[PDB]
Amino acid sequence: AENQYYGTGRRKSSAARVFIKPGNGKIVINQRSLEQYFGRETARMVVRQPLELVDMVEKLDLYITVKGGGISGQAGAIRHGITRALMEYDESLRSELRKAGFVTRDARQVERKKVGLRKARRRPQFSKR
Amino acid sequence: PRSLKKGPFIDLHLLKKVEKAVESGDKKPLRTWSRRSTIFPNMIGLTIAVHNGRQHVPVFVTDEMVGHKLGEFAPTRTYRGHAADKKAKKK
Amino acid sequence: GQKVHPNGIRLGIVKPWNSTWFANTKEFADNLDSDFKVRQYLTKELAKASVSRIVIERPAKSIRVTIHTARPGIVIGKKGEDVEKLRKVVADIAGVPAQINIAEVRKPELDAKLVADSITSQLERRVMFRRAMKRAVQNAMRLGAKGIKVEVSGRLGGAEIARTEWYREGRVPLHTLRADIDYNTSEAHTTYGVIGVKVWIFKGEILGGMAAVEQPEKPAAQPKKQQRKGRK
Amino acid sequence: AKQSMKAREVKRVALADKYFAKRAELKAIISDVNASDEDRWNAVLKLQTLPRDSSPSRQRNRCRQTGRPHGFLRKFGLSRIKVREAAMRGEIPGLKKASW
Amino acid sequence: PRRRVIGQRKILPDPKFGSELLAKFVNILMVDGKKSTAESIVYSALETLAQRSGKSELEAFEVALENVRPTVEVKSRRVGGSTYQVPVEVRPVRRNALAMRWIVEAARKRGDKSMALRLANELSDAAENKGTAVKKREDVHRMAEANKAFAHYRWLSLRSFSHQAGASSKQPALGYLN
Amino acid sequence: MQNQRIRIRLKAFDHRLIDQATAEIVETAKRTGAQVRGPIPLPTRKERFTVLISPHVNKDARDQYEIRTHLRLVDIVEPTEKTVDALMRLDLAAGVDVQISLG
RNA sequence: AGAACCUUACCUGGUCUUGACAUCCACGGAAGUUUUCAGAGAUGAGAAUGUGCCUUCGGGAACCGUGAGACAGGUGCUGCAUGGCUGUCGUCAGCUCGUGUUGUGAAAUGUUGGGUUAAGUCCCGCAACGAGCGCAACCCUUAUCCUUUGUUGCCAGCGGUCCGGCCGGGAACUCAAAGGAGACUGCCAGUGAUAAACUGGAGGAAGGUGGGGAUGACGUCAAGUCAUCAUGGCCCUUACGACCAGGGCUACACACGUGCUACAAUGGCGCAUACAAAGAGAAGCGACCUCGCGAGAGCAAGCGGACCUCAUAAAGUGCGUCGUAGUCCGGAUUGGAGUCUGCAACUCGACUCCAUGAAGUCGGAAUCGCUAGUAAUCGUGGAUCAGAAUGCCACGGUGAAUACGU
């Protein structure tokens, strides 16, 4: 319980800040409009795709701040950050969004570039003779 | 291409042999290590004996050669020809 | 010859550093040389005492030496004049005035570097070292710990081949990151050239001698820490 | 390695400081882009021939302890091998092994 | 080798339509890491399939993946001075991927002036069981029907299997004593 | 958002020295002044070094060392000459330099 | 780890031997500093500022010339004379310590079996018992999550308002650095000799000691460094030492190891557009500014680095554009100038730009890493760094096939 419920949208080590409240369906993305940020793009249809599914598109109001990631990919991070926030329409709500995997955090974490190695795991190539 | 940027070159190093040589117009080959130095109008008609790391090479300085440094007319490396290998260094 | 060096890996957890000073990047190269010099030049005066560690520290307008010894009085000397002469040559190397203080003496008959000095005499004095190593190991386990490892090198007796030997006993983990674990490698000369002993000694699997602070920000420091965070 | 390569540098740094320090900006004022329709005359710049070994472009220094050329690290005043030896023994403040 | 059965990651529905089968296609359509092109190049390919016949965007795609599908495989395992072939039965998990891999091999040479078309045209061919990889299943099953004759060092093994409560014949199949 | 009035910065290589030395400095500042704040933590720097592991050759195997540099800010809204005086009288740290200069 | 010159590590050429540099003694000079000319520079001659420090008041130290001895110095040779330190097999999954017993003994036994494990993991157990090393563990780091701090971090509403946390102001929120939370092959179920563990169930970010790292036994290989460095034996000691310059490590016949980028149109071109993380910069790097074809420039706010700046991070997004013709991909060579780092751009340095303009269309013999945040692929910063990155180190974007079976 919070004044405005909140999601962290952690997806593939980018974190999508997402503030939900009741309203008339309005959107803020990166302190600008949807039209500036996701212009003539499929990425505008991504953030709506989970909101349409729980049938609150014209009923939930939102404020969105996002760092790290790729332009297509950040829309993909906001798609977990919205479902993270949804927890209180019903007591079962977070259980079911977890069951669909859009609460379940992408547990796979980074492998450091390694010492004596060309990549994380790329060990040298040599024939040297 | 490469240049000497913006500041004034005669070479500091070459200057003390040259100022006494120009007074004569030209005199015996000026024993020079200063292969770092460029060719200029003041130097037309001098004879610069130019150390190449191994020995001195006389460069006769003249007007058709002012686009160059002294170090270019005196060689450094040896090139293995490839009919059959190069026997000698060439001056 | 495999393995990462055993003390090199402990400096972030449960072993403290040999040096603690601050140079803000730009002067660090000049400070590293100065910490080396105070280490070199100070030990040059105390050749005759017996010592387990050297620890160098730079507070504001200050350089503080800590030294670990076999008994408290050996470096203090007659009327404290010896330790004042030590503080004299730290003032001459260092860019600030100098202190030196004496540490707590701990396991001084079992210590890495005093055990290795002790074996080294046997190599100086050109004995075959056929039974010496086992009697070395026995004494270490009469004097404490839970295990010891010894490896002895240097052309024993003046031989013209390499001839090494080693001895391991009890429990000695080698690559351990938890507890302090006492290691020394000696370098020393005798008539036929250079000798050396590598000494790993193992006291316990957890030692607390270096830790990060106990507490978070709120219970730590000042009683009233909270901001208004607005609220005019 | 040799003590001569460090000896050469040690004479270079007393002469660098003696001639060049008051002349640092004699280059920017007399030579570079700030010398626009000002000076560019050789006769005030003919005085740098003695500082020729002491010049900032040969101040590559290498290791301070040994005089050994090549593979230097300016932040320790040391090199690869000898850095590793001092980190191995805890001589350097805050310096530890890496994991992440 | 290998102590226990070990798994696989599993791919998860794309963010712009909500299909796994589309998200599994775009992955082998990705060249030099550019997933964000390979996405549009698939959906615009699916949009081309919808233009030949408007009844579904998946119409010809879903059936291509049936029509070029391998049911059987050849594995190879040297016996001395010779390599030979020994057939093996294929997992479904490789059947789909093989079929999408032959579709993208065929698609990169189709030569039409944009990949959405190359891909859609090579799917349009595999939709009727007429395109390039029709051959490539058919041939592999032919080497698999023929090459059951040989088995992996059968002659000394052959008593060793029958005596171990096995059958009286060299099994030309993976992980058997033959 | 706030305007920077003054900068108190504590700098160290060692992570243990900087929290403890701060925890006394904040205490000393509350006991000898009336307007103190809980030390903003501020992000830690880390410098990357790689060197050989064998004396000569064995190029492949390598060794890597890291050194971190830690920053505490406190943020006293006005330091008194008597806070700064207590701070320097009750100082005992080596790992840390405290800066009462700003930049 | 950044070889125009220095790299004497090498070579040649100039030049000297108590010696470039240290201590000790003898003599002249204070060292420090400023300056003309010869000399390539070393070096040398002279001018001018100063006479400090101690003092048997001679004279000396510091530092410099000169000399003697002791001695300095040496990438000087020997790695089958070595020390220090570390590579290989290999994360092989083994190896040994203490001790008894059986054989005459070298040696076995344990360390082998059954089940299980990522592993000599762990249950059961035999004349092997007890115990240690390595894998395991503690360990750091990250992951949510809980917590405090509340800026140079943050903003759900509110004010100034270009609607930007810039600032009046605000604390719901990530968020940083630190207290640390959770997960134990545990519970419960199936299986397996409850017996380790694998699989199923569940809440939760996550169930296979959660992802990542640290991480390499005892040790052969007469492994590899006397060239970081220790050091005898042992050689030179007008030199196998040393100052200075020039040349050189990046030559060129070619072949070979390695990496990059391209060979396309999934792309390149153009105009317009978006968000990183992490770190370096008070010898330094730097907005705005005006100048410059661009590079850069001078001016200068600034920046101790969560502030300002490298940096508009690129791939990615919009739209038109091109058709296999080595092109609309690729853009190398070379002519020529503009600019940069530097007392020096010629062989061997960095950047812009104009004209002209090739190989290459998936590559023989050969040849290697990868099980998933990996493989693949883009951009960034940094160590080094006067001037040179395709390299290396680390960061973040986007991110794959499959692992049936032995």
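Of the candidates E:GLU47, E:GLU62, E:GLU39, the single residue that is touching a residue at least 24 places away in the same chain (Cβ under 8 Å) and within 17 Å of E:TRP102 (Cβ to Cβ) is E:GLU62. Sub-9 Å Cβ pairs linking a first residue in the stretch D:30-58 that is facing another protein chain (nearest Cβ under 10 Å) to a second residue that is acidic (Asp, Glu) and surrounded by 13 or more Cβ atoms within 10 Å (Cβ to Cβ), at least 6 apart or interchain, are D:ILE30/D:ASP39; D:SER31/D:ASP39; D:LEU45/D:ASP39, ordered by first then second residue. Report yes if D:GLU91 is free of Cβ contacts under 8 Å to residues at least 60 places away in the same chain, facing another protein chain (nearest Cβ under 7 Å) and more than 8 Å from RNA strand G (Cβ to nearest atom), otherwise no. For D:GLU91, the condition - free of Cβ contacts under 8 Å to residues at least 60 places away in the same chain, facing another protein chain (nearest Cβ under 7 Å) and more than 8 Å from RNA strand G (Cβ to nearest atom) - is met.
The set of residues from the stretch C:1-52 being assigned to a strand (DSSP E or B) and under 22 Å from C:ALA212 (Cα atoms) comprises C:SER19, C:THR20. Scanning the stretch E:29-87 for residues that are away from RNA strand G (no atom under 12 Å from the Cβ), surrounded by fewer than 16 Cβ atoms within 10 Å (Cβ to Cβ) and within 30 Å of A:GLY69 (Cα to Cα) yields a single hit, E:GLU47.
Restricting the stretch A:66-116 to residues that are near RNA strand G (Cβ under 9 Å from one of its atoms) and among the β-branched types (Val, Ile, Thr), which is farthest from A:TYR5 (Cα to Cα)? For the stretch A:66-116, the residue satisfying everything is A:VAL115.
Confirm whether C:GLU169 is within 6 Å of RNA strand G (Cβ to nearest atom) and either loosely packed, with under 11 Cβ neighbours inside 10 Å or more than 20 Å from C:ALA132 (Cα to Cα) (or both). Steps first, answer last, please.
Details: within 6 Å of RNA strand G (Cβ to nearest atom): yes; either loosely packed, with under 11 Cβ neighbours inside 10 Å or more than 20 Å from C:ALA132 (Cα to Cα) (or both): no.
No, not satisfied.
Just one of the numbered conditions (1) touching a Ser or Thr at 6+ places or on another chain (Cβ under 8 Å); (2) more than 9 Å from chain D (Cβ to nearest Cβ) is not true of C:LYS37: (1).
Residues are listed down the side, and each one gets a yes or a no for (1) part of a helix (DSSP H, G or I); (2) farther than 15 Å from E:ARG69 by Cα:
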{"position": "E:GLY111", "(1), (2)": "no, yes"}
{"position": "E:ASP125", "(1), (2)": "yes, no"}
{"position": "E:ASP139", "(1), (2)": "yes, no"}
{"position": "E:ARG142", "(1), (2)": "yes, no"}
{"position": "E:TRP155", "(1), (2)": "yes, yes"}
{"position": "E:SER162", "(1), (2)": "yes, yes"}
{"position": "E:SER169", "(1), (2)": "no, yes"}
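The residues listed here are F:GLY33, F:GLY38; of these, the one that is facing another protein chain (nearest Cβ under 8 Å) and free of Cβ contacts under 8 Å to residues at least 60 places away in the same chain is F:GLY38. For the stretch A:1-44, the tally of residues that are within 14 Å of chain E (Cβ to nearest Cβ) and either more than 7 Å from RNA strand G (Cβ to nearest atom) or free of Cβ contacts under 8 Å to residues at least 60 places away in the same chain (or both) stands at 9.
Being more than 6 Å from RNA strand G (Cβ to nearest atom) and buried (at least 16 other Cβ atoms within 10 Å of the Cβ) is not true of D:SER54.
Selection of the stretch E:90-113 for residues being near RNA strand G (Cβ under 7 Å from one of its atoms), touching a residue at least 24 places away in the same chain (Cβ under 8 Å) and not basic (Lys, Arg) yields E:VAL93, E:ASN96, E:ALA97, E:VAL104. The residue that is nearest to B:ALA21 (Cα to Cα), counting only those in the stretch B:47-73 that are assigned to a loop (DSSP other than H, G, I, E, B) and in contact with a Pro (Cβ under 9 Å, 6 or more places away or on another chain), is B:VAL66. In the stretch F:61-78, the qualifying residues are those that are of a type in the set (A, V, I, L, M, F, W, C) and touching a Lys or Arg at 6+ places or on another chain (Cβ under 9 Å), and the one that is nearest to the other protein chains (Cβ to nearest Cβ) is F:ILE67.
Can you name every residue in the stretch C:145-167 that is under 22 Å from C:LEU110 (Cβ atoms) and either touching a residue at least 60 places away in the same chain (Cβ under 8 Å) or of a type outside the set (S, T, N, Q) (or both)?
Taking the stretch C:145-167 and keeping what is under 22 Å from C:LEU110 (Cβ atoms), we get C:145-153, C:165-167.
Selection gives C:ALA145, C:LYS146, C:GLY147, C:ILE148, C:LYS149, C:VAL150, C:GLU151, C:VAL152, C:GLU165, C:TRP166, C:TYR167.
Out of the residues in the stretch B:61-88 that are within 11 Å of RNA strand G (Cβ to nearest atom) and among the basic types (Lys, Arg), state the one that is surrounded by the most Cβ atoms within 10 Å (Cβ to Cβ). The residue in question is B:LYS69.
Considering only residues that are near RNA strand G (Cβ under 6 Å from one of its atoms) and either assigned to a loop (DSSP other than H, G, I, E, B) or within 7 Å of another protein chain (Cβ to nearest Cβ) (or both), which ones fall in the stretch D:78-87? I'd like the intermediate steps shown before the answer.
First pass over the stretch D:78-87, keeping only residues near RNA strand G (Cβ under 6 Å from one of its atoms): D:81-82, D:85.
D:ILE81, the sole residue that qualifies.
Pairs meeting the criteria (first residue in the stretch A:71-82 and at the interface with chain E (Cβ under 7 Å from one of its Cβ atoms) and in contact (Cβ under 8 Å) with a residue 40 or more places away in the chain, second residue of a type outside the set (A, V, I, L, M) and in a helix (DSSP H, G or I), beta carbons under 7 Å, at least 6 apart or on different chains) are A:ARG79/A:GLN49; A:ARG79/A:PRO50.
Values in this text are rule-based calculations from the coordinates and carry no lab data. FYI the Cβ positions are ideal-geometry reconstructions off the backbone, even for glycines, and counts take in every protein chain you see.
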